[PDB]
Structures are given as C-alpha cells and as structure tokens.
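Here you'll find one protein chain in two forms, each presented separately as structure tokens under the names structure 1 and structure 2.
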Structure 1
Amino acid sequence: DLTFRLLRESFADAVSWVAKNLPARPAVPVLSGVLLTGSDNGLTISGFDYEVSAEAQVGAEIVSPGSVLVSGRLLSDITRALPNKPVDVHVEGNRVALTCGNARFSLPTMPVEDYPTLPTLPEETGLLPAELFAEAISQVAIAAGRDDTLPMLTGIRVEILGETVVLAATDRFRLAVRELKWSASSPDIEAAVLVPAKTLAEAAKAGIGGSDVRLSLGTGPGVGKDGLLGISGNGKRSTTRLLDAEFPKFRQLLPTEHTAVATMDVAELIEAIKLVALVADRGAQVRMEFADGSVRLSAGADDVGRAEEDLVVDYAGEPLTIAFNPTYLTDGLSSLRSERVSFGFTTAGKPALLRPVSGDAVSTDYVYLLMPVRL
C-alpha cells in the first residue's frame, strides 16, 4: 500500500535525526522501529519510546499512500551507504522493497498498529534564532557535568519571563546561567521548568538553519504538569518529557560585590592550565596565586613533579591564593565566548565568578560559577 520516491540525501538526513537521539536501542523490540508515513505530498518519518519523541517530514513523490514500520538503526545505516541516486520504496505484504540505482534491498516489517501514538503540540510559547539557541545550550550544557558518571538527574533549567529566557545548567561543582532575548509568542508569561540536557542539547546541536527554533510549552498559565517540551525547526520537530526534580535556587549562589576581581587573556590561560595540569594529581588541583600585576599559576604532584608559570593580569584587591579543578575551570574559560575573562571571588572556600570580558534571575548575559578546592 506504500510507495515513494525522493532523493537519497534527504531520506538519509531525515531518518538519521529520528533514529539517533532516541532509538539506537534494543530494549523493547516493538519500538526499535521508525514510522514512515506517505502523506499525499511528502514522507514523514516518526519515532519515540515512552518519553522523548522525534518527527521529520521531507519532500517526496509518494505514488501510493500509507505507512510502514522498519528497523531504526538499519534504515539509517542503509540510506547513508546507498548510491547518490533517487531511491524507490515499495511495501510488499510484510516486507519492504528498497531500490537505489543498482542495489536492491528487502527488509522485514513490523505491525503498524503495535507502534505507540506520538505526543502532540504544546502550544507555541515563542521562537528565537537557532544560532542563539545553539550557543545558549552549548555554553550552559558544559556544566551539567556528565561523562562516565551515573546520570544523576542531569538537566538544563529553562525559565521564561515575559520575553527574557534564562538557561541554567549545573552539577554541584559548577553552575552555568545564560540569558537570552525572545520573540515570545504570548503576552508576558512566567514559566520555570526543567528538561534534561541529554535531548535538549541535541535539538540545539542540530545547529538548525535560521531563526526558526520554536519552543512549545503552551501559551496557557504555565504549561501544566503534562511534562512536555516541543522544539520545532525547519521541518524537524521533537518532543521531550520534563523531569519532576527541582533545580537549586541559583540566584542565591551569585554574589553582588566580591572581595576581589581581576581579568586576563582566555586563550593564554587555557594553554597554561593544560601546561601546569600535566603534573597535577589524581586529586586534580591548580593553584592560582594572585598579586598586583601578575598571577603565579602553579600545580604539583605530592610525589612526582612540580610546575609553575607567571602570567600577566590586571589584578585589583587583597591577594588571593586559591585552587581549582583544572578541567572545570578550562571548561569555563572555553564556555566564555570572549577574548578575555572576568574573575569574581570572595574567599578560597567561596565560589569564583567567570564572566566574559569582550571589552573593546541573572546578572550579565553569560555567568559561570566555579567552586574552589582547598589546599
């Protein structure tokens, strides 16, 4: 009942996006599948699990309408490996015929009724330039520390205030808040919700074309407990369930006046961190020793090596000697899309403030809170 024809690249691009974030999974077989729907004008490619859904619609010559359920990872891997010709697709009983140039395929099909029905639209709360979203999330997500660790509730907080968006991501060592200006598709609206880095970042990492990223949480009176978040892009559209966990109240953590402040060249600092960090322990510390006109960046191993570098800086205040985890600090410096950096600390046991200095519930546009280490 289903027959379509489109360009290989378009079909490859559409599937990969629906079959990356959420699939790549064998948990329940009846759900490794991706749904192909042959609407009168285009092909829609659908997919989800129990929480995060994804949908892609692309141009097609659908000769016969209908739908079909085929292996997720497989189709992706196939469409990318196929020739740069058009591809023809026919469903024959419960097998799918797929021809692209001189290559034939036959894939086992799954029953179209077993597949869950996707989530809908939480009404458009507003939109913003995809480049901005790409940056915002890209910055903040550096701080929701999650690598080889168990995924403790790992989320980027998203707050809407009239037309002011605030993105906050933290673990417990670092806190990254970013502010954002918004074409808010509703009157002044207030919304503070939590949605896990995992997916959110990817929708943004898509690195969408233009000013078309479209945040769907509803225009209502706060989006309800229907834990949904829609991202809509140029044809690409994905929902994701939002966590029930509560974010810290970050405004608290941020100081107004800080006992001491200085500024230095980002590039140069990142090169010297990695320089002296080479000798840093498994208890990774790096010692910054602030004085007028200069900082003595040093680190050491309690056994095997010692390192130090004098760097120029514009310091001002009562000298501070303080240490950081070289990786969380360098994450910060990188996070700042700035040539130079503002440092705002209070005590060698109180958070230090990383702000971008591109000279010539938040404070400036990008703010980055870093916990110190002791001795």
Structure 2
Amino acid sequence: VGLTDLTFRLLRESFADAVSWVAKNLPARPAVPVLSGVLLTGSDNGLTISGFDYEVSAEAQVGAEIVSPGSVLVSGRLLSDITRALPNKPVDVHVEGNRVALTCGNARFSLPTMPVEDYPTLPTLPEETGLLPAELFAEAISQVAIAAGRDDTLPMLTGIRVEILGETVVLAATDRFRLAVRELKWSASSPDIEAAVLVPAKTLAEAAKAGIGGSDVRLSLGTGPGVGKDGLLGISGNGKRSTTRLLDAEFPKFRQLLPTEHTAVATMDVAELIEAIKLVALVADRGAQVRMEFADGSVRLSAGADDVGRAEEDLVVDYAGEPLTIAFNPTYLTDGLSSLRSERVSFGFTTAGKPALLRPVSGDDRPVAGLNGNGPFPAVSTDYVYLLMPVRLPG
C-alpha cells in the first residue's frame, strides 16, 4: 500500500548506524510478531527507520537519496545483521513489491516483506521541556544507573527518578542498598518548570549513547501544567530520537536518608582502593563481604572465610575521627567507587550500622575543618553522592 514502491541509495556507513540504534532498543522477542519488523520510510530527501515495542520506540533519520517514496516493513534483526556485514560500498535498496532487493557491490539480497499496515503508529512525542549537553547527560546517567535495581519481580527500584526544579535537574536511582544522586544544570523551556517522573532505567541509559552526536540532547516531557500528563518521556538530538513510557510508581522519599553530619570522615585514593578490594575479595566467602578497620592514618581491609581463606591489605587513609570498623558488599563498594569519576574519594560514616557516604574529591578543598576528631563534621555540598548500606552475614 502507498501507490508507488520505495527505492533509495544510502551510504551503508550511515545506513548501518541508523539501523542498529533502532534495534538496540525494543530487543527481545516482541509479544506480537509484527513488532519484530522495522519500518523504513522514504520521503522529502531523507529516510527514517522506526521501531516500536509498546514500551519504547526509537526512530533514526539519515540523509539518503530517495529516488522513489514509499514505506516497507522488514525483519529488524536480519536487516541489522546484513547492514553490519556489508562492504563499504553504497547500498541500493529497492522494493520489488512484496520483497526488498538489497544491493551493495556484487552482494545481492532478497528479503521478504512484512505487512506495513499492521504496524501500529509509533507515539508522537511530547513538547520540548529542556536540553543539556550530550556528553554530560551520558556521564550523569551512568553514575546514577549502577544503583538501580535490575530485578523485575519489583519495579520502582527499576527506574531512575528524574526531578526537574527548573534550571536544576536531579537524578536518583536505588536498589535498596545503594542510592546514587546526581545534580545537574540544564537550559529549561519555562524557567518555572517543576515536576518529577520515574523512567525505566535501561531505556534511559541506552539513549545516553545516541548522545555522542547532537552535542546537545533534549528531554521532552511536556511543558507548563502538563509535564506529568502525556504519560511518556522523549529523548531527541542529532539524528536519533526515542520515547519511553513512564513508570507509574512512588519512589523513596530519599533526601531524608542523607547524613547532616558525620562522626568520622576518611579520604584515600580511588585507584589504590579498588585494586585492594578486588584483591582481598578473591578469598571473600562466596564474595559476600569485605571489612575496613579504620585507625589513625591507615585502613586495613580484609576478607576471609570457611577455609578461613584470610587475606588483608593495608593502605594509607587521610582519616579524621575515632577508630571505626565497617563492612561492605565488595561489589556495591566498587560500583560506587567507579562512578565518582574522580581522582580520590571521601567517606562519611555516622555509626557502623548506618550508610556510608561516598563523594568525589579533587584538590585539597576540605579538610579545612577536619582537625576536631572529637566531634561531628559538616555534610558539605556535592553534585554526586553514593550512599552505601553496610552489610551483615548469618553464622
């Protein structure tokens, strides 16, 4: 259907990219068989590939000499496999009605065709709500996404919380053992904009790589009194764009959970501390736990087991407060430590049954008021925080 049949000439380099970006979303085995197709559409002077699985929906637009408009549905994985395995010659697509003739050099393909009238019109895309640099959005989404619950038996934990307080945005995710919070400055579209939504975590992290080009990605939730309404979020920028259906769940109150002051405060090198963790945990005890003895200007981490496999390492910590001994799940620990994206790290303990607080450290800012070992230290502002619960094992 359409009247004519689609035919075009794309550069392959460009065809292959556009196609993979669309299959990287909506993977899996879609529920209704049709949804496994992608949709190519020639018009104006550009081609648009489109995918849709009812939750997410991607769509790329590449510049291609179309020598005849139309649209066709063709199996999506097959197109992606072929597009990546082809030479680097220009590729000649041409619908011979019911079959797609694909040609690139002396390679010739005859793919079957899916009924382009069972494809259910991918969503529209709410009105722009603001924008921010693409590389910064990526960094910010990775930092927060680690702490998101990967388990499907329970959503809510599976989302990133996006809160907009016009001009600043804050990202937060949590699996119940970690909290990652990122604070951000974007260019809003209505400087009095003010809502908060919950978007599925992977859908969002995936779209943080369609932000390499664009050098400026744009969130589209809605504008004004209808930012919530319109049950979805839209990431656009460069040639790519996507929508993900928002998550209808309430998310931990969460500012309540942060420390106001810390009884102890440490500061060692991230590099060294990671290596030291990956090493003592080899004997870990099914990987369960690593422990940190904090004293004077040194910390001794140590795991050990049912063989009593015992390992320990000592490194120098710029410490302040009374000797403290705390235990962490070693993965949660290194996850947080990778994310700080910094040279060195700063721990903030209340007691040893209460969340440690990791945040980054670049240059000797503070210290400053870190001499008075005998009593509470200030929280101190920061744009990235990782809150890590301490761990317990049974006998």
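Take the two forms, superpose them, and find the largest set of C-alpha atoms that agree within 1.5 Å; that set is the rigid core. Just so we're on the same page, residue numbers count up from 1 along structure 1's sequence.
Undergrad: To test your reading of the superposition: with the rigid core aligned, which of 225, 251, 172, 181 moves its Cα by 2 angstroms or more between structures 1 and 2?
TA: Comparing both forms, the shifted residue turns out to be 225.
Undergrad: Kindly check if the Cα atom of residue 27 is displaced 2 angstroms or more between structures 1 and 2 relative to the superposed rigid core.
TA: Indeed, residue 27 is displaced by 2 Å or more.
Undergrad: Once both forms sit on the same rigid core, is the C-alpha displacement of residue 206 at or above 2 Å between structures 1 and 2?
TA: Superposed on the core, residue 206 moves its C-alpha 2 Å or more between structures 1 and 2.
Undergrad: Taking the rigid core as the reference frame, is the Cα of residue 108 displaced by 2 Å or more between structures 1 and 2?
TA: No, the C-alpha moves less than 2 Å.
Undergrad: Once both forms sit on the same core, give the Cα displacement of residue 303 between structures 1 and 2 in angstrom.
TA: C-alpha shift for residue 303: 2.3 Å.
Undergrad: Taking the rigid core as the frame of reference, how far in Å is the Cα of residue 283 displaced between structures 1 and 2?
TA: Comparing between structures 1 and 2 after core fitting, residue 283 shifts 5.8 Å at its C-alpha.
Undergrad: How much does the C-alpha of residue 149 move between structures 1 and 2, in Å, when the core is lined up?
TA: The shift comes out to 8.7 Å.
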